[PDB]
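Everything on this sheet refers to the single structure shown next.
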Amino acid sequence: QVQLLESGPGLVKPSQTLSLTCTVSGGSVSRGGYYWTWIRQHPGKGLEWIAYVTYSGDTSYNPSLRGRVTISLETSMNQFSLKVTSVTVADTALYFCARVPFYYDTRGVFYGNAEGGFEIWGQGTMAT
Amino acid sequence: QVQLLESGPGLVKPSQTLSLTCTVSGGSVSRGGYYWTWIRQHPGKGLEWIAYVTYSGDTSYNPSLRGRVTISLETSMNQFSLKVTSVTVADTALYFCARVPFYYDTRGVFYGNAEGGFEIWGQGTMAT
Amino acid sequence: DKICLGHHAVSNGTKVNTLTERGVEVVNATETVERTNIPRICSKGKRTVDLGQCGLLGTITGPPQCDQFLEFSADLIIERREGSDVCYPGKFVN
Amino acid sequence: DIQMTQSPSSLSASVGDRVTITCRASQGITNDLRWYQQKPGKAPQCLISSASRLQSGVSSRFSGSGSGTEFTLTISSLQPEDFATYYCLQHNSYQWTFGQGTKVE
Amino acid sequence: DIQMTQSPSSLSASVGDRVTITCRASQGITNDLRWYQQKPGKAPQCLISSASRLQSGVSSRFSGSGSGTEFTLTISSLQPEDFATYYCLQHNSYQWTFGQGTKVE
Amino acid sequence: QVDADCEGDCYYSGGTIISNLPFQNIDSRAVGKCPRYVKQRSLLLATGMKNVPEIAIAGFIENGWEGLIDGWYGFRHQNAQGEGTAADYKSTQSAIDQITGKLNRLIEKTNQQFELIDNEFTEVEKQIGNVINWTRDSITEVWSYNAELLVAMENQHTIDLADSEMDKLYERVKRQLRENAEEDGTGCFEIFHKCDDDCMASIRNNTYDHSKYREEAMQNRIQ
Amino acid sequence: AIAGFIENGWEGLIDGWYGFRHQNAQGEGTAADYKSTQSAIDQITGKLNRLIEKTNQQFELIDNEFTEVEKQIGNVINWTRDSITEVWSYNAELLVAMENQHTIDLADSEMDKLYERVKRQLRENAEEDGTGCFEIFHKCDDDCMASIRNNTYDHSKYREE
Ligand SMILES: *[C@@H]1O[C@H](CO)[C@@H](O[C@@H]2O[C@H](CO)[C@@H](O)[C@H](O)[C@H]2NC(C)=O)[C@H](O)[C@H]1NC(C)=O
Ligand SMILES: *[C@@H]1O[C@H](CO)[C@@H](O[C@@H]2O[C@H](CO)[C@@H](O)[C@H](O)[C@H]2NC(C)=O)[C@H](O)[C@H]1NC(C)=O
Ligand SMILES: *[C@@H]1O[C@H](CO)[C@@H](O[C@@H]2O[C@H](CO)[C@@H](O)[C@H](O)[C@H]2NC(C)=O)[C@H](O)[C@H]1NC(C)=O
Ligand SMILES: *[C@@H]1O[C@H](CO)[C@@H](O[C@@H]2O[C@H](CO)[C@@H](O)[C@H](O)[C@H]2NC(C)=O)[C@H](O)[C@H]1NC(C)=O
Ligand SMILES: *[C@@H]1O[C@H](CO)[C@@H](O[C@@H]2O[C@H](CO)[C@@H](O)[C@H](O)[C@H]2NC(C)=O)[C@H](O)[C@H]1NC(C)=O
Ligand SMILES: *[C@@H]1O[C@H](CO)[C@@H](O[C@@H]2O[C@H](CO)[C@@H](O)[C@H](O)[C@H]2NC(C)=O)[C@H](O)[C@H]1NC(C)=O
């Protein structure tokens, strides 16, 4: 029953930093074998991939804005945060966090618990 | 029930061409995986191999007389013919056609029908 | 120059089940379960007695229905659903 | 930046009609295409991972196929709860890109 | 032109006697020998193919062996219908050559 | 009805099973030399190799050639004279021999003779009838499990057998090309020395000489 | 400092079952191969689906535990049940041994296939260092290591040096 609940301010001043934290309520975030991803969508548009991070340290921010977003994995408080500096009007969108598995396991041969192989998405937190 | 019936004139003028056609009465001649061979024997002598042809196009004529004999595979009328030019008295013999399989299948793993793995010989047509 | 090695492939294929995977494609397959029967009884060179309107137990007691098979001899004996082993009402213990 | 071009953008079909939908990739993406369905105002959920097979917990009427630059998802029977938007994600390279958008009605 | 030399040419034996017959090849031919039996005035038919095998339908009394340049066929029991002529064919190379001839009586 | 033209040794209430196969799903109660009753309707045994459809010159690692008809494993060569193909008789014959060995082993049915123990027309006592029914269900559950396991084993062993024969052939052509040729990725060999169709037929059989072309091929590799 | 499959197995590998450890001038880093791990997981899950499914045959009571059945048919039933459970115990032991041996050989074959694949990529640029590793002779960066991770490595660009 892993739930990827999200927390954020919801009101962003222009040309300032924004902190978006997706808290992991479940077993662990340090399990490994998962892409911890941030996905955003403006309404009326399409989804746009932002960044992915792993527990091993492989981080590939979107080629669209490598400088603006810095995704970090924080084991102690069981969350991974996305920070976007110099926030403009176009940066305002509905944000999602997801646990994308590395492999497809229906029966839990690699993950171990047969529910970790699923792809769990957050409820969503709109930021202005 | 493949029968390799043979057809020919039976009377050959000296220093002329001779056409020997072995008609295949069965499934097909274009099956592949078979040597379509012509074998001849003068009475009181031994058998002498003439030529072999396949559906893929490989053709090694007897080293005995490559120029005189030409073998061709004719799919449309389901036959393969042997033509020998400049026929002399020593060329006159009893002729046979045979379907020599490439491999040995007792149960039809390669040929498919369990009767194609057999070696079927023609009845014979004497030519003068 | 260049020499290449390769195996044969057949377009339509056949689906088979393996130890680690289901639905694996092979070039040909054969069936290990007979689902076809010859509707009639095959008996060549074995004696055959057809007990129409007669039962096996009637061959010992001899109703009118079993007069022909009083001293029968066969290597294959066929019983029918229509065969009755009794003429007066009755039955056999065991 | 393997370009993900989806076509056509807007679809309208009746209940029980097969929906043939296409996802187009520029490069020779090899065996990588996650399909995402999202109700409007709702978190997306995956349907077809690895482009030829289903995810557990997803109904078997969703079926995806295609390889190379050509990728197809087939829906056997439409539902009143299937009013949604279908995307395709690539993950072969280090970069992930979405498509423009395909909507069923 | 691997020379196929058979010896001896003429054999005479009684009914029920084992016939040991030899087919000799010059080159180091590897595992490639077909044995042919023809009745006089009759189409030949193969007995031993591969030098250790029997066309399905050929009686099991025919048995062939040998490898390399030495090749042997053994007949366990002679028959009145076995009055025939036995030949050996090579198929290793692109060329096929017969032997001179071996006759049983 | 009964006719004397045909011959079978297995009988049931609806007719005669005449053909020899390991198992059957016509009737559980059959009399004579009979195949084992199994619950599965279909059980396909792999009599061929694994099929990957075809989709400059390819190799075993990439795909399989649909144009190969002379055998199961073939030699495609690209040369200055032209492009031609053949087949290997040794590997194909060995594969066919091992598959026919599998088939002879399985196809043979039993020689044990089974009788009727239950009267279909008139019912048996209900206690021994239930004992007989329980025993027959347990026996056919054992035979169905054995049938499924045997089919899975022989299919997997046939696929691994074909892969091993391909690996043996590929290692053989590698052992012939000592230092004259090198491995081009997809299952092919890139020949460095100029050699004709006589060379290709010499590499088809095991008569290829490495010393005749070694100097020029090694000079081609180092440069 | 870096060792291979022949020598031992890495406990630090968490992204997958088979991994690529590379020592370079920039530093030391590791990853995992998705294809070989995914194929191994697919074949093991195929084994598990095949075995885990139980029967659909319905079995009744044939013996009253509370009240004893006649002795003769009771002894027949007991003998038949002992023979059946002996058959099933032998089949269970044999099946467990087969699938364990096939899983171990399957993992070894997947490692051999991966190792041959990395050998086929390094035509004449690298050579085999004993313990399951490849000693790279040409100077090539982390971009080279990620290019040898996927099947995009070009041999002709570094062949001369
Ligand atoms: C792999 O090992 C893990 C433990 O490291 C197994 O996880 C536990 O396994 C036991 C027994 O199967 C279960 O009762 C627990 O519920 C599992 N716990 C969790 C949180 O996973 C796992 O099952 C093993 N995987 C397999 C299928 O071999
Ligand atoms: C290989 O495939 C061929 C078809 O391409 C099979 O031929 C038919 O197979 C079916 C099922 O076995 C038979 O019912 C037909 O009678 C066969 N037709 C004939 C005579 O070719 C062939 O049996 C297959 N061979 C095997 C067993 O591999
Ligand atoms: C295979 O791996 C190579 C090595 O990383 C990839 O090439 C680089 O990819 C990154 C991310 O897309 C680019 O920023 C680099 O510019 C690429 N380098 C070169 C020299 O092209 C390559 O994209 C990978 N291919 C696939 C299909 O995943
Ligand atoms: C192995 O293959 C080679 C290549 O074809 C064969 O050598 C040629 O064989 C043909 C037909 O016998 C001759 O016309 C050529 O003169 C041969 N060439 C050379 C250079 O000798 C060889 O005979 C084959 N060997 C076997 C045992 O089949
Ligand atoms: C044992 O099983 C057989 C079936 O294998 C049962 O026979 C059936 O009985 C029903 C009546 O209960 C009939 O309608 C069917 O036609 C019978 N089938 C056959 C093939 O004969 C039998 O009744 C079972 N015995 C007990 C004691 O339950
Ligand atoms: C058949 O085996 C069962 C056990 O599987 C026997 O049942 C036991 O009988 C003893 C008395 O002899 C009781 O004390 C046990 O409690 C019984 N066990 C169960 C599980 O019921 C049964 O007696 C055997 N039948 C015969 C005829 O020997």
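The table that follows gives values for the structure above.
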{"item": "Whole-number percent relative contact order across segment C:7-81, with pairs defined as alpha carbons under 8 Å at least 6 apart", "result": "24"}
{"item": "Computed helical MRE - 222 nm, chain C, DSSP H runs ≥ 4 contributing -39500 (n - 2.57), nearest 500", "result": "-500 deg cm²/dmol"}
{"item": "Estimated FRET transfer efficiency (residue D:26, residue E:32; beta-carbon r; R0 45 Å; 0.05)", "result": "0.25"}
{"item": "Average other protein chain Cβ within 10 Å of Cβ, residues E:89-97", "result": "5"}
{"item": "Relative contact order (%) - chain D, alpha-carbon pairs under 8 angstrom, separation at least six", "result": "36"}
{"item": "Using a 7 Å Cα-to-Cβ projection, residue E:19 label spacings across copies, nm, ascending", "result": "8.0"}
{"item": "Label point at residue F:110 placed 7 Å out along Cα→Cβ; residues across segment F:138-153 whose backbone nitrogen lies under 11 Å", "result": "F:139-140, F:143"}
{"item": "Segment C:1-46 versus segment F:119-171: alpha-carbon centroid distance in Å", "result": "17"}
{"item": "Percent RCO, i.e. relative contact order, over chain A, from Cα pairs under 8 Å lying at least 6 residues apart", "result": "33"}
{"item": "Neighbourhood charge, 12 Å Cβ-Cβ cut-off, centred on residue G:25 and excluding it, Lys, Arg +1 and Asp, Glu -1", "result": "-2"}
{"item": "Segments A:60-70, C:1-11, C:83-93 sorted - mean Cβ within 10 Å per residue, highest first", "result": "C:1-11, A:60-70, C:83-93"}
{"item": "Residue closest to axis [chain B; rotation mapping onto A; Cβ; Å]", "result": "B:109, 21"}
{"item": "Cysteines without a disulfide-compatible partner [the protein assembly as shown; Cβ-Cβ under 4.7 Å]", "result": "C:87, D:46, E:46, G:133"}
{"item": "Cα-centred dipole magnitude for chain A, charges only on beta-carbon of K, R (+1) and D, E (-1), debye, nearest 20", "result": "260"}
{"item": "Descending Cα extents along the principal axes, segment F:124-163, whole Å", "result": "56, 10, 6"}
{"item": "Most to least packed among G:1-11, G:104-114 [average Cβ atoms within 10 Å]", "result": "G:104-114, G:1-11"}
{"item": "Viscosity 1.002 mPa s, 20 °C: Kirkwood-radius Stokes-Einstein D of segment F:73-153 over Cα pairs, µm²/s", "result": "117"}
{"item": "222 nm mean residue ellipticity, helices alone, for chain F (DSSP H n ≥ 4; -39,500 (n - 2.57); rounded to 500)", "result": "-13500 deg cm²/dmol"}
{"item": "Whole-angstrom gap from segment B:1-33 to segment F:1-64, using each part's C-alpha centre", "result": "39"}
{"item": "Dipole of segment F:32-147 [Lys/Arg +1, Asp/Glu -1 at C-beta], most positive-end residue of F:38, F:85, F:134", "result": "F:134"}
{"item": "Peptide D:43-54, shielding by other chains (average Cβ, 10 Å cutoff)", "result": "4"}
{"item": "Translational diffusion coefficient (Stokes-Einstein; Kirkwood radius from C-alpha pairs) of chain F at 10 °C, 1.306 mPa s, in µm²/s", "result": "71"}
{"item": "Check: the protein assembly as shown dipole with +1 on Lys, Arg Cβ and -1 on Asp, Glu Cβ, in debye", "result": "1800"}
{"item": "Shielding by partners - mean other protein chain Cβ count within 10 Å, residues of F:152-161", "result": "5"}
{"item": "Long-range tail of P(r) for segment E:1-104 (Cα pairs > 22 Å, %)", "result": "24"}
{"item": "Whether the protein assembly as shown is rounded, prolate or oblate, judged on the alpha carbon gyration tensor where a/c under 1.5 counts as rounded", "result": "oblate"}
{"item": "Cut-off 13 Å between beta-carbons: net charge of the residues surrounding residue B:111, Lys and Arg +1, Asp and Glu -1", "result": "-1"}
{"item": "Using a Förster distance of 56 Å, the FRET efficiency for residue B:42-residue F:153 (Cβ separation, nearest 0.05)", "result": "0.50"}
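Every read-out reported here was derived from the displayed coordinates using simple, explicitly stated rules and does not represent laboratory data. Note that each Cβ is placed from the backbone with ideal geometry, even for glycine, and that neighbours are counted across all protein chains shown.
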